[PDB]
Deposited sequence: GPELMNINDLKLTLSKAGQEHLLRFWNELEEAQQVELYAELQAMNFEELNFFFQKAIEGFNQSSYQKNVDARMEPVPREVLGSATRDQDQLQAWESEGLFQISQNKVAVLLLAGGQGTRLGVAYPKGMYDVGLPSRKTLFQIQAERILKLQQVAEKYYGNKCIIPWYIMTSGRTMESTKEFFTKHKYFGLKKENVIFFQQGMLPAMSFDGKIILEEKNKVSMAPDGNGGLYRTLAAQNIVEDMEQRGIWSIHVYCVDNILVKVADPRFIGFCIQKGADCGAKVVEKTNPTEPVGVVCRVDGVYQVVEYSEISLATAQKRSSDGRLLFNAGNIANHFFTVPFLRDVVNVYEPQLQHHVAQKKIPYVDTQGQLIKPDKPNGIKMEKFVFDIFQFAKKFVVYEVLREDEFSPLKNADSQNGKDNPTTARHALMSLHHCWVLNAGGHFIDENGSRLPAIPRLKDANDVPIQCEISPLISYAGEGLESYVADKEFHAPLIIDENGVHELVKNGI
């Protein structure tokens, strides 16, 4: 401990040992492990530059077959990977397990992870169909908190959903200590430093420290599709988006949906002082949020759907060179703490340092924006049911089923009531007993509405209707 004491004294963090004599050896060793693992010199520096750092006026608006084929070709060449921002405990949904494990009550009861996995396997199959060889889209999954072990167990239980273990790469995001307004690391307990994830922009520090870009390079990957786990409609490894970005020579790309409600909680892609960035929804004034352009659309209408494209060379530069130049954002927090007694604070007593995944768009030499349709591509799981009526399991399950219902109609199929009366595209729900059409199509059958003609063309179905690898089921 005299080497540790010295390290702590040099950094001005020697209060971290103040309960040492009150701990049993079991507990002392876990503190020791925690402290020995930290870079106190670096942390003081991060704090100092974060505090030094501690918008609307400078914001300005953002003014196909070949794409899909290009994307499928890149997939077929083993040149595409995906990187999943898997998040931490699903505390915003009222659960401790990560969001990828959430079951929104689809007819199949499939989790978000399973749907995403089946989308990946599907594209591998489609590419093999068009270009003739077996191909691989590796799946890099960044977990946070300490959800990694349970995520691995979940995947193993499900046999990686038909993917191969060797092509799913789990890695866990680092944590930073909470700091007081004086820059002192806060003990949560006598034997425990208070620690927290450093935001999804902690991705970059984590890729660097764990040599993840080097694995992509070894595999020969060129394009990375970064996406958020919470969106049930997400077009994982979307070949149209990948082809778009490849043909534009993008180093970085972002998908957006049209924001139509001023107070929708989406970051807006815009230019600030000439450069591309996402301005977070909690940063803009209501005046900026509500500004309309002459067509009547919102001026800032490019809503960030957390779906990005990076080339591997750009990611390498971000990880090795750029992100280290960015200072952390300060967020004040109520941090539970221990002289002698365990206290829960009624007001913020400390700072969490964080970065966001979109903070490095500013470094892109060729940034591009790809607009998509909300109903086909963006239905996020953000909230518990009944919290605010939006972005919850009910809206998520209904968005997917609505989408699949539309696929069936567009492929020439029809839904009928119990008398064989064909239902409208938009049915009237008038009695307490009426429910929307329940339709669920596995990604193994259809990625984006293609390939349904043998299943549904010129046929009538009574919902609920499930289409999957075992056929067509009317429940």
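Stretches of the deposited sequence left without coordinates are 1 to 6, 61 to 68, 78 to 90, 366 to 367, 505 to 509, in sequence order.
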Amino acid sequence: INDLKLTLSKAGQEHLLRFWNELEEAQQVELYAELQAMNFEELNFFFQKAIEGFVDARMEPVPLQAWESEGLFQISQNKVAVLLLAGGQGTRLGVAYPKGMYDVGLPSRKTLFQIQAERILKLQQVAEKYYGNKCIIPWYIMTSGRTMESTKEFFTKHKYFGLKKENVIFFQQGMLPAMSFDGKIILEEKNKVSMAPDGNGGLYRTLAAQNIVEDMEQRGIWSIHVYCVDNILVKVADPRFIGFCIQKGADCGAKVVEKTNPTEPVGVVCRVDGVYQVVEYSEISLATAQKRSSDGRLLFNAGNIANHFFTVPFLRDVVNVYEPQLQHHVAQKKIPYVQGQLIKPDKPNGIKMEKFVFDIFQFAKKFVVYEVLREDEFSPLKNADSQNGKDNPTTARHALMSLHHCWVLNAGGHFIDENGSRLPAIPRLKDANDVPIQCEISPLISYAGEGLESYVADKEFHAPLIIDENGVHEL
From here on, numbers count along this sequence of modelled residues.
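Here the stretch with the larger average CA B-factor, out of 41 to 49 and 443 to 451, is 41 to 49. Across the two stretches, 245 to 253 and 187 to 195, the PDB entry reports the greater mean Cα temperature factor for 187 to 195. Comparing C-alpha B-factors across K347, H404, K235, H398 in the deposited entry, the largest value falls on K347.
The top Cα temperature factor in the record, among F358, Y97, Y140, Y276, falls on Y276. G412: CA B factor in the lowest third of modelled residues in this chain (values from the PDB entry). Split the chain's modelled residues into thirds by C-alpha temperature factor. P107 is in the middle one. Among the modelled residues of the chain, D295 sits in the highest third by CA temperature factor in this PDB entry. The deposited CA B-factor of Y130 belongs to the highest third of values across its chain.
The deposited CA B-factor of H15 belongs to the middle third of values across its chain.
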